[PDB]
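Structure first, then comments.
Derivation of every value follows stated rules applied to the coordinates shown; laboratory data play no part. Cβ atoms come from the backbone with ideal geometry, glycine included; neighbour counts cover every protein chain shown.
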Amino acid sequence: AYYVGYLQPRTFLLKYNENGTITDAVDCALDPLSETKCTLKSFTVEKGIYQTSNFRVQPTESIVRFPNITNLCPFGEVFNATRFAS
Amino acid sequence: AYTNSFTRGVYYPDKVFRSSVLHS
Amino acid sequence: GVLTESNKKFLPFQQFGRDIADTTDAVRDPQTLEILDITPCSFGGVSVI
Ligand SMILES: *[C@@H]1O[C@H](CO)[C@@H](O)[C@H](O)[C@H]1NC(C)=O
Ligand SMILES: *[C@@H]1O[C@H](CO)[C@@H](O)[C@H](O)[C@H]1NC(C)=O
């Protein structure tokens, strides 16, 4: 029996111990508390309100518009004419 | 079968020593 | 800088260290493989009285 997981491009905050080893880590896009810890760059948060990021609505599609009619052009009478010159 | 990986999967991203430093 | 016999211990895979803002505070020599610490030599201002 073995377990298989996957890796994605996330961001982590690591707490290095005095001896140099890693003793605790915090994911940065797991919970709003995680974003608060990332922005504060600390593992503990006190009471209050903190701005962590910004919310932007992204565009959905694109539209292009132009004059209603198209001025039509004599190619129909230049190509399909009765007679041409020599 | 499925299982929840609680907090595993953390390593040393670089070969630089650090001590008592909070690094992102 | 001025080199000194470092007291902190390195895991067998690092090469140097830093504390804040890429300030290299330690290094290991490539030949003796001994962990040394780096600190700048003294500097300061001058005043006339
Ligand atoms: C750091 O390592 C030393 C030597 O093994 C040990 O005595 C000390 O307890 C360690 N410190 C921590 C916080 O683990
Ligand atoms: C380099 O060679 C010297 C002797 O030639 C030896 O004392 C030293 O341990 C060696 N260091 C490495 C990193 O190979």
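Using a simple spin-label model with pseudo-atoms 7 Å out from Cα toward Cβ, B:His23 and C:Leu36 lie 2.2 nm apart. Computed from the C-beta positions of C:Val48 and C:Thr24, the FRET efficiency with R₀ = 41 Å rounds to 0.70. Using equal-weight Cα scatterers in the Debye expression, the normalised intensity of the protein assembly as shown in log10 at q = 0.09, 0.10, 0.16, 0.18 Å⁻¹ is -0.58, -0.65, -1.08, -1.18.
Can you give the charge dipole size of chain A about its Cα centre, rounded to the nearest 20 debye, using +1 on the beta carbon of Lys and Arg and -1 on the beta carbon of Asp and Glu?
Charge dipole of chain A: 280 debye, to the nearest 20.
Between the listed residues A:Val26, A:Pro74, A:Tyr6, the Cα displaced farthest toward the positive end of the dipole of chain A, a dipole computed from Cβ unit charges relative to the Cα centre, is found at A:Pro74.
Under the simplified labelling scheme, the A:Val45-A:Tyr6 pair shows an inter-label distance of 2.8 nm, with each label point 7 Å from Cα along Cα→Cβ. Residue by residue along C:9-17, Cβ atoms of other protein chains within 10 Å of the local Cβ number 4 on average.
Rounded to the nearest whole Å³, what is the per residue volume of the convex hull around the Cα atoms of chain C? Can you show the working numbers first?
Details: hull volume 5.5 nm³, N = 49.
Convex hull of Cα atoms, per residue: 112 Å³.
Taking every pair of distinct Cα atoms and averaging 1/r, then inverting, what Kirkwood hydrodynamic radius in Å comes out for chain A? Answer for chain A: a Kirkwood hydrodynamic radius of 20.4 Å. Ratio of Rg to Rh for region A:33-75: 1.62 [Cα atoms; Kirkwood radius as inverse mean 1/r over pairs]. Considering helices alone, the calculated mean residue ellipticity of chain A at 222 nm is -4000 deg cm²/dmol, with DSSP H runs of length four and up weighted by -39500 (n - 2.57) and normalised per residue.
Distance between the modelled labels on A:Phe66 and C:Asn7, one decimal in nanometres: 7.8 nm (7 Å Cα→Cβ projection). Residues of region A:21-59 with amide nitrogen under 16 Å from the 7 Å Cα-to-Cβ point of B:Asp14? From region A:21-59, the list is A:21-22. Just list whichever of A:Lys15/B:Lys15; A:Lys15/C:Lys9; A:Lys37/B:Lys15; B:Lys15/C:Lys8; A:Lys15/A:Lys41 have alpha carbons separated by over 20 Å in the model shown. Going by Cα-Cα distance, A:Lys37/B:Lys15 fall outside the 20 Å limit.
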